[PDB]
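In PDB author numbering, the protein residues as written are 1 to 151.
From the three backbone atoms N, C-alpha and C, an ideal C-beta is built for every residue, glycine too.
A quick write-up on the structure given underneath.
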């Protein structure tokens, strides 16, 4: 290669990158943020069990098999929260329960995408066991929120 060839190539590559790297970063961050939903889906049974005693949260019980409010992944910690609504009874009202996903509180700590670290994705549960995200409690960029939860 010639100097001018190298200079022209390095130029085009540099410019393409200007657009590519930020798209690559967003995609890494979206990919990591997805762990939140997996965590939250894994908590569905605990929530169900907890609600038998009329509360979203529940202490872990040695004798009963029952478990607590947390599940910790690589990119986030997910915690059961909320105030149960006994009156809510139709598939598309909220039961009052939520899952609070805090990114950067997983096993990887703050060593994860910096686009999400310290961000919160809060998921409201509905009577049918479904999640849609809670805007207002959610810090996480819409860009990074998984589609299944935006309905």
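Cβ distance (whole Å) where residue i is taken to contact residue j below 8 Å
i           : j           : result
residue 84  : residue 96  : 5 Å
residue 73  : residue 37  : Incorrect: roughly 10 Å between the Cβ atoms, too far for contact.
residue 140 : residue 120 : 6 Å
residue 81  : residue 98  : 5 Å
Of the residues the options, the one placed nearest residue i, counting alpha carbons only
i           : options     : result
residue 71  : 142, 60, 43 : 43
residue 130 : 107, 48, 57 : 48
residue 64  : 46, 79, 56  : 46
Neighbourhood of residue i by C-beta distance below 6 Å, restricted to the same chain and skipping five residues each side
i           : result
residue 118 : 104
residue 134 : 122, 124
residue 79  : 69, 70, 100
residue 30  : 144
Span separating the alpha-carbon of residue i from that of residue j
i           : j           : result
residue 116 : residue 33  : 7 Å
residue 3   : residue 26  : 34 Å
residue 13  : residue 28  : 21 Å
residue 56  : residue 50  : 6 Å
residue 102 : residue 60  : 21 Å
residue 89  : residue 151 : 20 Å
residue 66  : residue 41  : 17 Å
residue 24  : residue 144 : 13 Å
residue 94  : residue 128 : 9 Å
residue 15  : residue 142 : 27 Å
residue 18  : residue 58  : 49 Å
residue 1   : residue 11  : 14 Å
residue 147 : residue 6   : 42 Å
Same chain, Cβ closer than 7 Å to residue i, neighbours up to 5 away in sequence not counted
i           : result
residue 110 : 104, 117
residue 92  : 126
residue 108 : 74, 75
Cβ neighbours of residue i in the same chain (closer than 8 Å, five flanking residues each side left out)
i           : result
residue 35  : 73, 74, 75, 76, 106
residue 132 : 123, 124, 126, 149, 150, 151
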